[PDB]
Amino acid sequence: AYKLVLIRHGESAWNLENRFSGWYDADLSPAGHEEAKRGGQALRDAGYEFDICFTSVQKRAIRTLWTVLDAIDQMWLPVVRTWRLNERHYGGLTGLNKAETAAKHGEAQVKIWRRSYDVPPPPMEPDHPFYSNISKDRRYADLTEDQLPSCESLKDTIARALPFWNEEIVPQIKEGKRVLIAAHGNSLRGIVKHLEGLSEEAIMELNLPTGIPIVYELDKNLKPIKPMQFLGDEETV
């Protein structure tokens, strides 16, 4: 069985402020860095070896990957970065905390966005405080005008993440390369939804743990042979 490992990054600087990050490039907090260290040590203790790594273009995921590669002494591995593994774009909610979001948009709309698979948050418009910071960041300069989001539902995030899974990661797995993916909750949710054939309701009920190596065993058709498993001592899990 092919072996695939996923890791979701840990706590970020804006988690501490209860602020929606999305495509804002928030760094890990010291605690999120420590989580990545512990996940890397769990991989080292289990003897895991990789051949290629994939991550987003967001530093909280990239730094998680760097920390893991340092812990497992595989800093020399090829690394591929792609915006398609980015966190969901939270649109006009970017940079707001919970209270500001409730005050600006109302409890009704908040519950809609919270529980909906396919209703996006408001768009990030040119007067938004983070519009230039994100939409004019040169790391997205090669995206076409229809690819750069102003906002994303979970459905949207999964829709632009899965082409990268299908067209780049799958061929690598099929040639026997041992893949590590360090990314974000919602983009990894896309991968999990696809691997396991989950419903919209099922994937919205799925919260992946942070900082914990998530291990899949895949058959010749890249179908999981059993549920995802977690690495680390039992209490940390």
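Position 1 is the first residue in the sequence shown; the rest follow in order. Each form is matched to the other, and the largest set of C-alpha atoms that superpose within 1.5 Å is called the rigid core.
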For this session: Rigid core fitted first, then name the stretch among 92-100 and 140-148 whose C-alphas deviate most from the displayed form in 9 other deposited structures of this protein.
Result: 92-100
Exercise. Rigid core superposed, root mean square over structures and residues, which stretch has C-alphas farther from this form in 9 other deposited structures of this protein, 221-229 or 9-17?
Worked result: 9-17
For this session: Tell me which of 68-76 and 145-153 has the higher mean C-alpha B-factor in the deposited entry.
Result: 145-153
For this session: Look up the CA B-factors in the entry and say which stretch, 171-179 or 196-204, has the higher mean.
Result: 196-204
For this session: Tell me, please, which of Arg139, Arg88, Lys104, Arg84 has the highest C-alpha B factor according to the deposited entry?
Result: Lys104
Exercise. Which has the highest CA B-factor per the PDB entry: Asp25, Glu217, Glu11, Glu17?
Worked result: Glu17
For this session: Could you tell me which third, lowest, middle or highest, the C-alpha B-factor of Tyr131 occupies within its chain?
Result: middle
Problem set entry | Position of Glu35 among the chain's modelled residues by C-alpha B-factor, lowest, middle or highest third | middle
Exercise. Is the Cα B-factor recorded for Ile191 in the lowest, middle or highest third of its chain?
Worked result: middle
For this session: Please rank the C-alpha B-factors of the chain's modelled residues and tell me whether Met124 sits in the lowest, middle or highest third.
Result: middle
For this session: Please rank the C-alpha B-factors of the chain's modelled residues and tell me whether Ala159 sits in the lowest, middle or highest third.
Result: middle
